[PDB]
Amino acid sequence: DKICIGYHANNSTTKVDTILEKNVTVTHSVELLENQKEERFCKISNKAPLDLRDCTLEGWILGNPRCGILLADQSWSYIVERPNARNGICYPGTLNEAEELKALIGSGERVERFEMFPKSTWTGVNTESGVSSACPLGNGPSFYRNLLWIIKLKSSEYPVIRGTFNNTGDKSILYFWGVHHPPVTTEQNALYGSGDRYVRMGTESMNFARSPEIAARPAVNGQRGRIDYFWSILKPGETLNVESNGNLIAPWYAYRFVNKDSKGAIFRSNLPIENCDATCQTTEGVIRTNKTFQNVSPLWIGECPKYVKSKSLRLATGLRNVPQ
């Protein structure tokens, strides 16, 4: 008659690492790291992401004429931008504070597109024929859908034009405008006129004035001229006064902006968007797990496990497995 004290053993071949010894077989363990992903984009919080498709972010928000598929109100859980999108800023020039613009929009939830200044705002001028071959739609010349290129009538001078927008809404307004820099004095006199010309934009918190800098630049899309693009935020209760005697690329349509109450994301990716739902969406794909860590990507939206470089993080729960 005898009694023995002993411990459990089983058929586990699962191994963990310890400080004193590596690859130790244990009876029970739990994996904390997730390395599996679905390579695709799904919906976050029952909201579809915005695919910018063949348009860049600037091309979308400025209304590049080939971006018509996007020309509407937009509500996104997040934004997917495609690496090689062809439709950007079609007419050559710099958008001032471009990176800050992307950060603002990325921090957004929804934008509502509306007409800020109708063509009837600007009187004594040609509101048509504001197009260029640099911004083609099909073969024919066109222009941005959120901007109005105003040129002088062939008959008269370019009169002082004025516009006013009082933001009486509760929502901030994102709007855009520009200053045209024709390549030669010929075009400046033909499009707007001689003498000192000006573009004047202002609100309670902003004062903007510029004059044309006439210069011949290397050709981009057949253009030696340039447009300096600008963007700004008209706060609720603020009012915008526009004053110009020439070279104004006027705000036409603008956006009422809705701040996202959490972190937003803009993903640069080739992955397909499908009809699916996700709690955790990374730029590399969807993660579905109850695990604590993940091997997929540092860039994500929603509720994701912590990103680490580890290939495995396995906690021992059971004991050293010693079968007989």
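Residue positions are given as counts along the sequence shown, with the first one as 1.
Would you tell me which stretch averages the higher CA B-factor in the PDB entry, 259-267 or 286-294? Higher of the two, by average CA B-factor, is 259-267.
Comparing average C-alpha B factors as deposited, tell me which of 91-99 and 153-161 sits higher. Of 153-161 and 91-99, the stretch with the higher C-alpha B-factor average is 153-161.
Determine which member of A254, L71, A250, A216 has the highest CA B-factor, using the values in the deposited entry. Max CA B-factor in the entry, restricted to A254, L71, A250, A216: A216.
Selection from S172, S232, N146, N241 [criterion: highest C-alpha temperature factor in the record]: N241 has the highest C-alpha B-factor of those listed.
What third of the chain, by the recorded C-alpha B-factor, contains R226? Ranked within chain, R226 CA B lands in the lowest tercile.
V184 - which third its CA temperature factor falls in, relative to the rest of the chain: Its C-alpha B-factor, which the entry lists for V184, ranks in the highest third among residues of this chain.
Determine, from the deposited record, the chain-internal third of the Cα B-factor for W76: lowest, middle or highest. Middle third - that is where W76 ends up once the chain's C-alpha B-factors are sorted.
If you rank every modelled residue in this chain by C-alpha B factor, which third holds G178: lowest, middle or highest? Its C-alpha B-factor, which the entry lists for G178, ranks in the lowest third among residues of this chain.
Where the record places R40 (Cα B-factor, split into thirds across the chain): Highest third of the chain for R40's C-alpha B-factor.
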